[PDB]
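Below you will find one chain, with nothing else, as structure tokens; this is the form deposited in one PDB entry, and questions on how it binds or moves follow later.
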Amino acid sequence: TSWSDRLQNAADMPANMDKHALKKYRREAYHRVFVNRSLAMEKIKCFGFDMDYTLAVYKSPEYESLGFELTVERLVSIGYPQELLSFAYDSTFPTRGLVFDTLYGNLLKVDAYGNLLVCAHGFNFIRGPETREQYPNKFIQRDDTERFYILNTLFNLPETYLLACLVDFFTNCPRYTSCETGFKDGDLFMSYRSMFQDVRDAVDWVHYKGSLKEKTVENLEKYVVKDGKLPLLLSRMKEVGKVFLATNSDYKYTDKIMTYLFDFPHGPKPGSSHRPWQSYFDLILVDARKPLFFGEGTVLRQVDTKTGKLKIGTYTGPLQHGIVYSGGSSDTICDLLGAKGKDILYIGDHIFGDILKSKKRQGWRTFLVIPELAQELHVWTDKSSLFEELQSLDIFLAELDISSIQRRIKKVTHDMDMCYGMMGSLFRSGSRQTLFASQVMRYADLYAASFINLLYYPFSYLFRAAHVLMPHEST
């Protein structure tokens, strides 16, 4: 059972719109909209959407495996050793949000202050004292982007596993010599940083020049979750306000994916005429280049919808029916739809490019899709027993012999985390929250396993969060 098996379960269901069914269905955690800062839906005038892993959720692990296979094949095509071809994607290893340290070749799980929570070299998990060799003070400057790359999106799951695969492979292949910062094979030296760049280069290449889009699009049912409730929610949003798309993908890929997402023999509800996906939007903007989009952007271009090519020159006209934009900036949306930032709820999965940047730079309201939350919620509810024991121990430790009491902490956190995978939960390692968890609470006003959970809330719900108090204020 993958996490997209949960999302494709609730997606096979038409929506009963009885107002008592929605209110009851909503309270079940898998379908909740969780609230970090209060938000009055009545004050939202425009709903904006990312596409990949927001409107179009790729089925796991089929999709990660395809991208891992194509990336491996690209690396062998440029000179990496044939053995890579026998790697096979394993979804139980990687967790989103890890940090690859290009100096020492470790995958790290860190908290919001860059404290080490987990450290794996290949598939060898480094325990506390040994990590102090390379990380005295057990800490990284997580903003040193020359050394550290944060694998933040579901797109990075294949490379998260692949980096571990390569470090493992070269460590144990007798042709090579392990050094602190990479591998020697005679007179060639491959630094972990060189190796990491090649992987990054290869993932980009399969997305933009290799065959991943092609293989995706010729088997959409295998790779893309489709849900009849998406065209219903979009039309319901259009009655209360404006709806826009602002995606980084190009127009040809956007059109194929979006057409499939609406490929039902009805429109919004069973019985209605099907409508083209474009009619569900007041403003369609491709090639957005977020997060640069939320600063100065690029020049506003117009897509030739017939050919998929951009018209030559900078588009100067007004919003008009039928038009598709390329490039531009967030200010394109605000001007063309007559919106201020806090009239906008932007809905996306990139904690950095979609959410953090639209909040800090423009004051937009934010909705973070976290697809793994379905499986994360399952593990967290089912094995709540262990976390409750965790919190019990954490307190009796403070009253105080703790020779053996710290041992039961470190034991209990390990086996709690293992239920999620080898890199543990996306949101925590034991009693300690991750960087990712921290940025969710900090920059996502709302979050949910799927944006579809908005369908189960009335037109003008007021999402409510608890007010926050400083220590001295609750004294």
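Numbering starts at 1 and runs along the sequence shown.
Not on display, but discussed next: the form solved in complex with a small molecule.
In the bound PDB entry, the small molecule lies farther than 4.5 Å from every heavy atom of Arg175.
At the 4.5 Å threshold, heavy atoms of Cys419 stay clear of the small molecule in the bound PDB entry, well away from it. Shown alone here, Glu296 lies farther than 4.5 Å from the small molecule in the bound PDB entry, counting heavy atoms only. In the bound PDB entry, the small molecule sits within 4.5 Å of a heavy atom belonging to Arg142. Taking a 4.5 Å heavy atom cutoff to the small molecule in the bound PDB entry, the contact residue among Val243, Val324, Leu300, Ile150 is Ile150.
Of the residues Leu234, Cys165, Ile126, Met190, just one reaches the small molecule in the bound PDB entry with a heavy atom at 4.5 Å or closer; this is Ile126. Taken together, the three residues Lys19, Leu368 and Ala437 all stay farther than 4.5 Å from the small molecule in the bound PDB entry, as judged by their closest heavy atom. Of the candidate stretches 76 to 84, 326 to 334, 150 to 158, 376 to 384, only 150 to 158 contains residues with a heavy atom within 4.5 Å of the small molecule in the bound PDB entry.
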